[PDB]
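Shown below, as structure tokens, is a lone chain in the form deposited in one PDB entry; questions about how it binds or moves come after it.
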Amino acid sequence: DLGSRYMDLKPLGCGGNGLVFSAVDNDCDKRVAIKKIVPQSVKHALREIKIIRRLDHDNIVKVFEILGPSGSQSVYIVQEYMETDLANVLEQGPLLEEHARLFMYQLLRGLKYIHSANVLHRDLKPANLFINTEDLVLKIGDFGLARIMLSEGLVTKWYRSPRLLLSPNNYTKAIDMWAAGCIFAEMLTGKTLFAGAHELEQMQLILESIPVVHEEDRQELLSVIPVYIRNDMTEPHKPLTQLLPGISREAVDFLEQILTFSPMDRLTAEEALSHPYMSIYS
């Protein structure tokens, strides 16, 4: 019951920072999502506020207000209420190719925007992608958004690129592109593309399906895991076509251009939108 504006406070879940509540705005009779934030946390909240406050795109969750002691402009981030998240949608099964393709287009539009603003998403995963099922609108959650320049066991590693498994602190625009490809594959199958228990099993799963076409990358992998490194890494044992058996050639071909081992062969959000597979939303 914090403030006179935000009534009927009901929990929605838990973010990587704090709790999320669902509340009704008293000014306009429309629902909002409020993030409560409980030092090193003070510096981390200051950066997050400055960024998300200046971003406004159709595929980025809208941030309405920044509050503190009960409606004063701990911190409270008031943002738009979305019907559900992608994780919830995919728990009910895979999507029709037309829906996976439409959400991928929106995800890429949202990424092209934040990348253009030199912001990246450090935690791109289906739980951070919000959906309004009637409108078929996908929006990228604000938590995780950062400038390009405790509870560790609870952070998801399944959408991490091979480069991010090898250099865990270095974040780039390309790492978001890998996660976008993993999310697309998951929308089509309903299953996690690479579901490794630890960083070692993860890399082994990717290496079973993704070709290593550069000697620099193969030399780097030979130092980390010599046993599962062959002389010809150009031909995986279980390629992407085998991991997505029911889905179309067009979709697998597009995904093969995103799920590249090296960030230098990978399509940027802008290049992926220009690809004939995405360019169909004129």
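Sequential numbering from 1, following the sequence displayed. Throughout, rigid core stands for the largest set of C-alpha atoms superposing within 1.5 Å between the two forms.
The discussion below concerns the form deposited in another entry, not included here.
Engineer: To test your reading of the superposition: with the rigid core aligned, which of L243, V61, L255, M233 moves its Cα by 2 angstroms or more between this form and the one not shown?
Structural biologist: The one that shifts is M233.
Engineer: Please state whether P94 has a C-alpha shift of 2 Å or more between this form and the one not shown, with the rigid core used for the fit.
Structural biologist: Stays below the 2 Å threshold, so no.
Engineer: Between the shown chain and the other structure, the Cα gap of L205 to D232 differs by 3 Å or more. Is it closer or farther in the other entry?
Structural biologist: Pair moves closer in the other entry.
Engineer: By 3 Å or more, the Cα spacing of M233 and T156 differs in the other entry; is it closer or farther than in this view?
Structural biologist: Nearer in the other entry, by 3 Å or more.
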